[PDB]
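Data block below; observations after.
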Amino acid sequence: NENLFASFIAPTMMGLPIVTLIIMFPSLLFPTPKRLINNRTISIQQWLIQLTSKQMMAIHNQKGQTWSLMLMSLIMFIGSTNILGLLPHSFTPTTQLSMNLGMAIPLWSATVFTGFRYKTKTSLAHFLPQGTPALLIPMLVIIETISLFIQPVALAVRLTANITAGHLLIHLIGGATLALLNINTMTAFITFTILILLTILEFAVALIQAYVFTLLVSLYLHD
Amino acid sequence: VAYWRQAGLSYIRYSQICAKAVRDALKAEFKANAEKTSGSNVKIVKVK
Amino acid sequence: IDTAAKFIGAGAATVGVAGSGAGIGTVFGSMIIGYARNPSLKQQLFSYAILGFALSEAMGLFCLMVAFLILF
Amino acid sequence: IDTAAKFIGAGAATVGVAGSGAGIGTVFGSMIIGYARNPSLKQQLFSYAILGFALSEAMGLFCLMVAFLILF
Amino acid sequence: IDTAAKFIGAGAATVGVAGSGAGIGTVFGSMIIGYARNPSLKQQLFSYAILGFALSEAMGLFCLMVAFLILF
Amino acid sequence: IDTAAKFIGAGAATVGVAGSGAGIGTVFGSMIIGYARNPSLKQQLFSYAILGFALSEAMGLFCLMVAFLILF
Amino acid sequence: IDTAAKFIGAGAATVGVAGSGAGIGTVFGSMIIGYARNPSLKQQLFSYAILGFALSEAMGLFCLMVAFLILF
Amino acid sequence: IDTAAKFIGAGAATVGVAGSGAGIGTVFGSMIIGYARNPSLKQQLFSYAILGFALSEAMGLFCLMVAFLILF
Amino acid sequence: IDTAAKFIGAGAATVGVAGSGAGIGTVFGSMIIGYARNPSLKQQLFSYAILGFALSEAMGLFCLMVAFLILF
Amino acid sequence: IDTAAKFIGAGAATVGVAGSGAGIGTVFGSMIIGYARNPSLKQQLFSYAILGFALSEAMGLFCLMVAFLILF
Amino acid sequence: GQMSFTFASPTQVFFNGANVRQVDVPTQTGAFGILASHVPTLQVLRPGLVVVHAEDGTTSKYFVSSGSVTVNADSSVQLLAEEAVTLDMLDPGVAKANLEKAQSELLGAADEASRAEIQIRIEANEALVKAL
Amino acid sequence: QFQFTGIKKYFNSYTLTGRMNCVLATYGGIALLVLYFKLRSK
Amino acid sequence: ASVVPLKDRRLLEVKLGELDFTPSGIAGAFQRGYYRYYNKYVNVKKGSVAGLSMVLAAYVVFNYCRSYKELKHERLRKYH
């Protein structure tokens, strides 16, 4: 009975203040120069695109490369609006589940209607995998279609659910420091747990690779 | 892959050393059999 | 009456993460034996450690999503 | 009493993802080692992991759909 | 109270489909590590995964059909 | 009240077939990397495959007979 | 109320027989890959499997033996 | 009701030997694929697999020891 | 009813924090098979284990606050 | 009603240690295949298994201490 | 069974073409026993022993400097060796001082090629001292 | 109004399939209604 | 008022870090921006911290105002 942890009971509030300012604000962090040589703070933004435009280009190698100049705009928005919110009292728009159901469905259904305007038969004859055996046709095409319509829900809900899960352990491990007016040795160890956990919460960049990329595979496979 | 790889060496370079490292460890009765090999006979002259 | 049922339905929901507590244990133990064979870590071998990590934590944290909704 | 048994009813069925929560750790821990031995990932050797992931994350959200349909 | 056991019974009965979750994460990952060493997939290599997928799937949907037949 | 304990334990028993769903995955998984080296398939590979399949079943089916024993 | 504690101890104890059913998929999976190196099979290669199979099932039956004690 | 708390606990603590049941199934799944490279059997290959068994099943057996104290 | 509801939501949450012990069995264990192929020891080899050891424990000490979140 | 919670709580809290044994068989099941490739026993390999048993059991044996404070 | 154990050297031909049971191969990625339908593998060797097992009472002992296996499709393994030396003609007294010699010269290597080479030399010299 | 002709060659290329927010719009309208419906019955 | 807020960002951006006007940012006003922290963020030479870390320090104290109404907590006194 040496080190008694404490807790504080307080509501954890994802309120909704004025959003249409907060959305526009990580656009003005990135400038664009009309010059040949630039000014050594855009120049490391301009290099960072060159890299990851050469990995969502290499797989496709089609005349579906026209689509890929948009997919690098999709990575900078939720790459920024997940990285701004680590600050003391900032607010992330990708916390709320509303816009992510408007980021999945106008993009996911832009893929199944891409081959249906050109191929019209073999896009969803990709439901036929192989040299058809007999005992498992109905066990297959009720499975590979129930794992198609999961994909818009599978794409949006994986983003909202772990981003907000980062924010609660920021509060709760952090709030247990404030309410630790018992023995002062254990206060540092909870603080040292925080400054490790904030390094893990720069996997909010790592979770945007797993949103543009499984949009490519959900584009490359259909087209 | 090992430490000789990513260093600039090969297997024939590996085989010349661990032959001599064995062959120098012999007693001083079978020394002439280390001279039986005697790889220093062939010479190399280049075109340029 | 359902105040306990608020608890155990949350108290049982949390142990569904116990897969992904081991599922990332595979992908980091399985990387070092993919690395000691072939020391080219700056290539795409380390990039398949994080996407395997992120796709496993994507199925990791949202099991705790159903935990709070039963509470709150 | 209809409400309370629903609250623990979805709590037990949360952990159906715990099989897919670590079954996705193995198959993405087995392409770290199959790309290490033979660098030919751009053929079948990557599309056999996503096809491994589609037919294994079909069963993660498959059970949470039941834990919703027992709740409402 | 009779329907109260009808709901919590299918709550744990669909945990048996999680066993077809982590059990399928291996047999699709073993067609990664054992493909590069021997490219003969159109022979019985892919065919012994489809048998390995389906007959591992048959114990997945069987523990789903218990949760229907316990409730109705 | 008698139906309350019956309808939970029938679902509480059939989580025992989940562990059979795990062990059945390796048997069609290791035979993939077992046959990939050594194409001597019509010999005792497959005969050791079918014995391995129908033995993990008998640790899954044996609970299922006990699972129906609870109901009757 | 006296009957209800019989069936939770019946349902929850039978769960543990799932684990040893997962174990004998490993040892019969590993005999397929051990034979494909060195066909010395009818010697202690195969005999170590029947060593291991009897020893894992002895644990799982030891789990199942308390199901008949605590029910009765 | 006071006797009911005795019954509910041990069937829950029973299942802590399920993983230790499979935790001895893999230590014999190694010595198949371990011996089949290097026939140095009667030496410390087999003598180590003895130690891994009796250590791991003891930690399963202590999980059954607490099942008796909940029972008694 | 208050101290009744709190504790069985707390014990049933701490099951998930030994659900990541089975991962560091693979993380600390698969260092062995990597170290024997190549002894480049104080390279990223042992340090990739720390990226495995403390990230898999980071899902272990994940749920332990959530258990003490429902202690109070 | 206090007695009905203390006994289900610790028996629920014992479940996780099954996760510990199911990884601790791997950390000697990798040392069997470790020493059988390269006889480097008396050097750093065997001491890692001494660390490997000591580490993952500390993820396990703490969960038993969780069961005691529910009981006491 | 039905295994022509070929094994030779440039100087003198050792156990050749004879049906011998089990062969030890000292190899990077460890030693592996040859069991009568062993899977064909063209792996080259590291320094170490070959303890070859026959029905003639007891096994023989040799030592390969740097060899190569080519076990074929049928049951026919061919082993080669640059220096398949016998052990008893080795002198332990000069052999120990080499191991402490090269480790003393590790940090005198101003390049990156020879620094692997002295790591080769201690590995070849560690190979004999466990053997003897 | 020059936020158009810089990207007007891009629009009628891919908005043939990309500007199908009708499904998104339909879902949104329904979502607002259900919320209102549950607050109507409180 | 639109040409008023537009001439805040344009004037500020050129002055804070980089633009005969492009090399004016090559020396940079980062030496002017430096003295606020203590010395330590010295890496602003070509990845410029004080150019960026002022906006993000402005967006924090702007969002401290909205939260102030909710987390009051203050007694009939001052803190330590």
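So you can find residues: chains in the structure tokens are A, B, ... in the order shown, residues in each start at 1, and ligands are numbered from 1 in order.
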
Within 9 Å of chain I, which residues of chain A show up when using only C-alpha atoms, listed as a ChimeraX atom specification? /A:5-9,169,172-173,197,200

Quick one: write out the picked residues with N, CA and C atoms as a PDB file, in the first residue's frame?
ATOM      1  N   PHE A   5      -2.664   5.391  -6.796  1.00  0.00           N
ATOM      2  CA  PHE A   5      -3.118   6.226  -7.902  1.00  0.00           C
ATOM      3  C   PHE A   5      -4.411   6.929  -7.520  1.00  0.00           C
ATOM      4  N   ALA A   6      -4.684   8.043  -8.181  1.00  0.00           N
ATOM      5  CA  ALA A   6      -5.951   8.738  -8.037  1.00  0.00           C
ATOM      6  C   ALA A   6      -6.619   8.822  -9.397  1.00  0.00           C
ATOM      7  N   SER A   7      -7.859   9.293  -9.413  1.00  0.00           N
ATOM      8  CA  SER A   7      -8.553   9.611 -10.649  1.00  0.00           C
ATOM      9  C   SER A   7      -9.409  10.843 -10.420  1.00  0.00           C
ATOM     10  N   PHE A   8      -9.756  11.525 -11.503  1.00  0.00           N
ATOM     11  CA  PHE A   8     -10.701  12.627 -11.461  1.00  0.00           C
ATOM     12  C   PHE A   8     -11.836  12.309 -12.416  1.00  0.00           C
ATOM     13  N   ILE A   9     -13.065  12.549 -11.974  1.00  0.00           N
ATOM     14  CA  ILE A   9     -14.258  12.297 -12.771  1.00  0.00           C
ATOM     15  C   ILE A   9     -14.690  13.616 -13.389  1.00  0.00           C
ATOM     16  N   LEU A 169      -6.416   9.429 -24.144  1.00  0.00           N
ATOM     17  CA  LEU A 169      -5.267   9.047 -23.337  1.00  0.00           C
ATOM     18  C   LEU A 169      -4.346  10.237 -23.115  1.00  0.00           C
ATOM     19  N   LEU A 172      -6.517  11.690 -20.064  1.00  0.00           N
ATOM     20  CA  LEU A 172      -6.691  10.896 -18.847  1.00  0.00           C
ATOM     21  C   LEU A 172      -5.368  10.600 -18.158  1.00  0.00           C
ATOM     22  N   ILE A 173      -4.331  10.285 -18.928  1.00  0.00           N
ATOM     23  CA  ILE A 173      -2.997  10.195 -18.351  1.00  0.00           C
ATOM     24  C   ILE A 173      -2.523  11.581 -17.932  1.00  0.00           C
ATOM     25  N   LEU A 197       3.998   9.046 -25.148  1.00  0.00           N
ATOM     26  CA  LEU A 197       2.737   8.834 -25.847  1.00  0.00           C
ATOM     27  C   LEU A 197       2.503   9.905 -26.898  1.00  0.00           C
ATOM     28  N   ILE A 200       4.163   8.681 -29.940  1.00  0.00           N
ATOM     29  CA  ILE A 200       3.347   7.684 -30.633  1.00  0.00           C
ATOM     30  C   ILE A 200       2.194   8.373 -31.348  1.00  0.00           C
TER      31      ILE A 200
END

Could I get the residues of chain H with an atom no further than 9 Å from an atom of chain G, each paired with its nearest atom pair and that distance in Å to one decimal, using only C-alpha atoms, sorted by chain and residue number, as a tab-separated table?
residue	atom	partner	partner_atom	distance
H:1	CA	G:1	CA	7.0
H:3	CA	G:2	CA	8.3
H:4	CA	G:5	CA	5.3
H:5	CA	G:5	CA	7.8
H:6	CA	G:5	CA	8.5
H:7	CA	G:5	CA	5.7
H:8	CA	G:9	CA	5.6
H:9	CA	G:9	CA	7.8
H:10	CA	G:9	CA	7.2
H:11	CA	G:13	CA	4.2
H:12	CA	G:12	CA	5.5
H:13	CA	G:13	CA	8.0
H:14	CA	G:13	CA	5.5
H:15	CA	G:16	CA	4.4
H:16	CA	G:16	CA	7.4
H:17	CA	G:16	CA	6.7
H:18	CA	G:19	CA	4.2
H:19	CA	G:19	CA	5.4
H:20	CA	G:19	CA	7.8
H:21	CA	G:20	CA	4.8
H:22	CA	G:23	CA	4.3
H:23	CA	G:23	CA	7.4
H:24	CA	G:56	CA	6.5
H:25	CA	G:23	CA	4.5
H:26	CA	G:26	CA	6.1
H:27	CA	G:27	CA	8.7
H:28	CA	G:52	CA	5.8
H:29	CA	G:27	CA	4.5
H:30	CA	G:30	CA	7.3
H:31	CA	G:48	CA	8.1
H:32	CA	G:34	CA	5.7
H:33	CA	G:34	CA	4.5
H:34	CA	G:34	CA	7.9
H:35	CA	G:45	CA	8.0
H:36	CA	G:34	CA	5.7
H:37	CA	G:37	CA	7.3
H:57	CA	G:59	CA	8.2
H:60	CA	G:59	CA	8.9
H:64	CA	G:63	CA	8.6
H:71	CA	G:70	CA	8.6

Which chain K residues are at most 10 Å from chain B (counting only C-alpha atoms), as a PDB file with N, CA and C atoms, in the first residue's frame?
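The new file out.pdb reads:
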ATOM      1  N   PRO K  10      41.857 -31.447 -53.630  1.00  0.00           N
ATOM      2  CA  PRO K  10      42.841 -31.480 -54.723  1.00  0.00           C
ATOM      3  C   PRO K  10      44.063 -32.338 -54.431  1.00  0.00           C
ATOM      4  N   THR K  11      44.436 -32.505 -53.164  1.00  0.00           N
ATOM      5  CA  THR K  11      45.622 -33.300 -52.863  1.00  0.00           C
ATOM      6  C   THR K  11      45.310 -34.787 -52.852  1.00  0.00           C
ATOM      7  N   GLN K  28      27.445 -21.811 -43.101  1.00  0.00           N
ATOM      8  CA  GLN K  28      26.730 -20.600 -42.710  1.00  0.00           C
ATOM      9  C   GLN K  28      25.253 -20.839 -42.980  1.00  0.00           C
ATOM     10  N   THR K  29      24.414 -20.460 -42.004  1.00  0.00           N
ATOM     11  CA  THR K  29      23.112 -21.035 -41.645  1.00  0.00           C
ATOM     12  C   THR K  29      23.276 -22.479 -41.172  1.00  0.00           C
ATOM     13  N   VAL K  44      27.218 -23.592 -50.159  1.00  0.00           N
ATOM     14  CA  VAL K  44      28.652 -23.637 -49.885  1.00  0.00           C
ATOM     15  C   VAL K  44      28.882 -23.591 -48.377  1.00  0.00           C
ATOM     16  N   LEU K  45      30.127 -23.829 -47.949  1.00  0.00           N
ATOM     17  CA  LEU K  45      30.408 -24.182 -46.558  1.00  0.00           C
ATOM     18  C   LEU K  45      31.164 -23.090 -45.802  1.00  0.00           C
ATOM     19  N   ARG K  46      31.152 -23.198 -44.465  1.00  0.00           N
ATOM     20  CA  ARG K  46      32.019 -22.442 -43.569  1.00  0.00           C
ATOM     21  C   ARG K  46      33.044 -23.387 -42.936  1.00  0.00           C
ATOM     22  N   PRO K  47      34.098 -22.851 -42.305  1.00  0.00           N
ATOM     23  CA  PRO K  47      35.035 -23.703 -41.545  1.00  0.00           C
ATOM     24  C   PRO K  47      34.377 -24.495 -40.427  1.00  0.00           C
ATOM     25  N   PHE K  63      38.155 -32.160 -41.058  1.00  0.00           N
ATOM     26  CA  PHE K  63      38.036 -30.717 -40.914  1.00  0.00           C
ATOM     27  C   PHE K  63      38.141 -30.064 -42.279  1.00  0.00           C
ATOM     28  N   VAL K  64      37.096 -29.347 -42.680  1.00  0.00           N
ATOM     29  CA  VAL K  64      37.018 -28.712 -43.992  1.00  0.00           C
ATOM     30  C   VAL K  64      37.317 -27.230 -43.842  1.00  0.00           C
ATOM     31  N   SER K  65      38.225 -26.718 -44.673  1.00  0.00           N
ATOM     32  CA  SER K  65      38.514 -25.289 -44.647  1.00  0.00           C
ATOM     33  C   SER K  65      37.381 -24.476 -45.257  1.00  0.00           C
ATOM     34  N   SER K  66      37.071 -24.719 -46.528  1.00  0.00           N
ATOM     35  CA  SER K  66      36.002 -24.016 -47.222  1.00  0.00           C
ATOM     36  C   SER K  66      35.468 -24.895 -48.339  1.00  0.00           C
ATOM     37  N   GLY K  67      34.311 -25.498 -48.100  1.00  0.00           N
ATOM     38  CA  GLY K  67      33.806 -26.493 -49.019  1.00  0.00           C
ATOM     39  C   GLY K  67      32.553 -26.077 -49.758  1.00  0.00           C
ATOM     40  N   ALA K  81      36.191 -29.902 -50.981  1.00  0.00           N
ATOM     41  CA  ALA K  81      36.976 -29.285 -49.922  1.00  0.00           C
ATOM     42  C   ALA K  81      38.301 -28.818 -50.486  1.00  0.00           C
ATOM     43  N   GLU K  82      38.673 -27.573 -50.200  1.00  0.00           N
ATOM     44  CA  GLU K  82      40.025 -27.148 -50.536  1.00  0.00           C
ATOM     45  C   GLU K  82      41.046 -27.811 -49.623  1.00  0.00           C
ATOM     46  N   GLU K  83      40.832 -27.741 -48.307  1.00  0.00           N
ATOM     47  CA  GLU K  83      41.728 -28.346 -47.325  1.00  0.00           C
ATOM     48  C   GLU K  83      40.895 -29.215 -46.385  1.00  0.00           C
ATOM     49  N   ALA K  84      40.714 -30.483 -46.751  1.00  0.00           N
ATOM     50  CA  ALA K  84      40.074 -31.448 -45.859  1.00  0.00           C
ATOM     51  C   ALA K  84      41.144 -32.042 -44.942  1.00  0.00           C
ATOM     52  N   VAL K  85      41.568 -31.232 -43.994  1.00  0.00           N
ATOM     53  CA  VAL K  85      42.732 -31.556 -43.181  1.00  0.00           C
ATOM     54  C   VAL K  85      42.324 -32.544 -42.097  1.00  0.00           C
ATOM     55  N   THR K  86      43.268 -33.388 -41.693  1.00  0.00           N
ATOM     56  CA  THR K  86      43.087 -34.197 -40.499  1.00  0.00           C
ATOM     57  C   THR K  86      43.441 -33.376 -39.266  1.00  0.00           C
ATOM     58  N   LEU K  87      42.806 -33.710 -38.140  1.00  0.00           N
ATOM     59  CA  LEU K  87      42.891 -32.836 -36.977  1.00  0.00           C
ATOM     60  C   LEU K  87      44.213 -32.994 -36.241  1.00  0.00           C
ATOM     61  N   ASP K  88      44.745 -34.219 -36.181  1.00  0.00           N
ATOM     62  CA  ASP K  88      45.838 -34.548 -35.271  1.00  0.00           C
ATOM     63  C   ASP K  88      47.162 -33.907 -35.661  1.00  0.00           C
ATOM     64  N   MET K  89      47.276 -33.381 -36.877  1.00  0.00           N
ATOM     65  CA  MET K  89      48.475 -32.695 -37.330  1.00  0.00           C
ATOM     66  C   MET K  89      48.456 -31.206 -37.010  1.00  0.00           C
ATOM     67  N   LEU K  90      47.628 -30.783 -36.059  1.00  0.00           N
ATOM     68  CA  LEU K  90      47.493 -29.385 -35.682  1.00  0.00           C
ATOM     69  C   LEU K  90      48.175 -29.140 -34.341  1.00  0.00           C
ATOM     70  N   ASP K  91      48.797 -27.971 -34.216  1.00  0.00           N
ATOM     71  CA  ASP K  91      49.555 -27.620 -33.021  1.00  0.00           C
ATOM     72  C   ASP K  91      48.791 -26.585 -32.210  1.00  0.00           C
ATOM     73  N   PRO K  92      48.377 -26.903 -30.980  1.00  0.00           N
ATOM     74  CA  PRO K  92      47.582 -25.942 -30.200  1.00  0.00           C
ATOM     75  C   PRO K  92      48.365 -24.738 -29.715  1.00  0.00           C
ATOM     76  N   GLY K  93      49.691 -24.837 -29.592  1.00  0.00           N
ATOM     77  CA  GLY K  93      50.451 -23.790 -28.923  1.00  0.00           C
ATOM     78  C   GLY K  93      50.546 -22.499 -29.716  1.00  0.00           C
ATOM     79  N   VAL K  94      50.828 -22.598 -31.016  1.00  0.00           N
ATOM     80  CA  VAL K  94      50.849 -21.404 -31.851  1.00  0.00           C
ATOM     81  C   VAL K  94      49.433 -20.985 -32.242  1.00  0.00           C
ATOM     82  N   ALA K  95      48.450 -21.873 -32.077  1.00  0.00           N
ATOM     83  CA  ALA K  95      47.115 -21.615 -32.606  1.00  0.00           C
ATOM     84  C   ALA K  95      46.323 -20.672 -31.711  1.00  0.00           C
ATOM     85  N   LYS K  96      46.656 -20.622 -30.419  1.00  0.00           N
ATOM     86  CA  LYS K  96      45.888 -19.773 -29.514  1.00  0.00           C
ATOM     87  C   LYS K  96      46.281 -18.318 -29.676  1.00  0.00           C
ATOM     88  N   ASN K  98      47.174 -16.625 -32.143  1.00  0.00           N
ATOM     89  CA  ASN K  98      46.623 -15.965 -33.319  1.00  0.00           C
ATOM     90  C   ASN K  98      45.304 -15.277 -33.000  1.00  0.00           C
ATOM     91  N   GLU K 112      37.633   0.148 -44.660  1.00  0.00           N
ATOM     92  CA  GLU K 112      36.436  -0.615 -44.331  1.00  0.00           C
ATOM     93  C   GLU K 112      36.451  -2.024 -44.900  1.00  0.00           C
ATOM     94  N   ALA K 113      37.367  -2.318 -45.827  1.00  0.00           N
ATOM     95  CA  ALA K 113      37.447  -3.659 -46.396  1.00  0.00           C
ATOM     96  C   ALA K 113      38.203  -4.606 -45.475  1.00  0.00           C
ATOM     97  N   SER K 114      39.333  -4.155 -44.928  1.00  0.00           N
ATOM     98  CA  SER K 114      40.142  -5.021 -44.078  1.00  0.00           C
ATOM     99  C   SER K 114      39.500  -5.214 -42.712  1.00  0.00           C
ATOM    100  N   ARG K 115      38.630  -4.287 -42.303  1.00  0.00           N
ATOM    101  CA  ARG K 115      37.986  -4.406 -40.998  1.00  0.00           C
ATOM    102  C   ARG K 115      36.994  -5.562 -40.976  1.00  0.00           C
ATOM    103  N   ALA K 116      36.419  -5.902 -42.133  1.00  0.00           N
ATOM    104  CA  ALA K 116      35.677  -7.155 -42.241  1.00  0.00           C
ATOM    105  C   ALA K 116      36.625  -8.342 -42.297  1.00  0.00           C
ATOM    106  N   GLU K 117      37.825  -8.135 -42.849  1.00  0.00           N
ATOM    107  CA  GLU K 117      38.753  -9.240 -43.069  1.00  0.00           C
ATOM    108  C   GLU K 117      39.325  -9.752 -41.755  1.00  0.00           C
ATOM    109  N   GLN K 119      37.666  -9.572 -39.033  1.00  0.00           N
ATOM    110  CA  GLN K 119      36.505 -10.276 -38.499  1.00  0.00           C
ATOM    111  C   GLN K 119      36.374 -11.662 -39.121  1.00  0.00           C
ATOM    112  N   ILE K 120      36.837 -11.822 -40.364  1.00  0.00           N
ATOM    113  CA  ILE K 120      36.908 -13.152 -40.965  1.00  0.00           C
ATOM    114  C   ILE K 120      37.977 -13.984 -40.268  1.00  0.00           C
ATOM    115  N   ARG K 121      39.112 -13.359 -39.937  1.00  0.00           N
ATOM    116  CA  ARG K 121      40.257 -14.096 -39.409  1.00  0.00           C
ATOM    117  C   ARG K 121      39.984 -14.629 -38.010  1.00  0.00           C
ATOM    118  N   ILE K 122      39.286 -13.852 -37.177  1.00  0.00           N
ATOM    119  CA  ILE K 122      38.989 -14.344 -35.836  1.00  0.00           C
ATOM    120  C   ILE K 122      37.905 -15.410 -35.892  1.00  0.00           C
ATOM    121  N   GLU K 123      37.026 -15.350 -36.898  1.00  0.00           N
ATOM    122  CA  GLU K 123      35.980 -16.359 -37.036  1.00  0.00           C
ATOM    123  C   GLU K 123      36.570 -17.685 -37.497  1.00  0.00           C
ATOM    124  N   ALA K 124      37.562 -17.630 -38.386  1.00  0.00           N
ATOM    125  CA  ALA K 124      38.285 -18.838 -38.761  1.00  0.00           C
ATOM    126  C   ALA K 124      39.129 -19.352 -37.603  1.00  0.00           C
ATOM    127  N   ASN K 125      39.652 -18.443 -36.779  1.00  0.00           N
ATOM    128  CA  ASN K 125      40.477 -18.873 -35.658  1.00  0.00           C
ATOM    129  C   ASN K 125      39.622 -19.265 -34.458  1.00  0.00           C
ATOM    130  N   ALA K 127      36.924 -20.898 -35.036  1.00  0.00           N
ATOM    131  CA  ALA K 127      36.372 -22.163 -35.510  1.00  0.00           C
ATOM    132  C   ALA K 127      37.215 -23.349 -35.058  1.00  0.00           C
ATOM    133  N   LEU K 128      38.526 -23.151 -34.925  1.00  0.00           N
ATOM    134  CA  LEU K 128      39.401 -24.262 -34.570  1.00  0.00           C
ATOM    135  C   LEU K 128      39.486 -24.452 -33.059  1.00  0.00           C
TER     136      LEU K 128
END

Tell me, which residues of chain J carry DSSP alpha helix (DSSP H), written as number ranges by chain? J: 3-12, 17-24, 26-29, 32-35, 46-71

Extract, using only C-alpha atoms, all DNA, RNA and protein residues at most 6 Å from region 16-27 of chain L, discarding same-chain residues fewer than 2 positions from it, and format them as a list in words. residues 106 and 110 of chain A; 14, 29 and 30 of chain L

Can you write just those residues out, C-alpha atoms, as a PDB file, in the first residue's frame?
ATOM      1  CA  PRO A 106     -17.955  10.498 -52.647  1.00  0.00           C
ATOM      2  CA  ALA A 110     -16.230   7.378 -57.601  1.00  0.00           C
TER       3      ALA A 110
ATOM      4  CA  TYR L  14     -13.363  13.767 -63.846  1.00  0.00           C
ATOM      5  CA  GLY L  29     -30.886  14.468 -45.654  1.00  0.00           C
ATOM      6  CA  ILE L  30     -32.013  11.133 -44.257  1.00  0.00           C
TER       7      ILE L  30
END

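Of note, CA of residue 43 (chain A) and CA of residue 16 (chain M) are spaced 16.3 Å apart.
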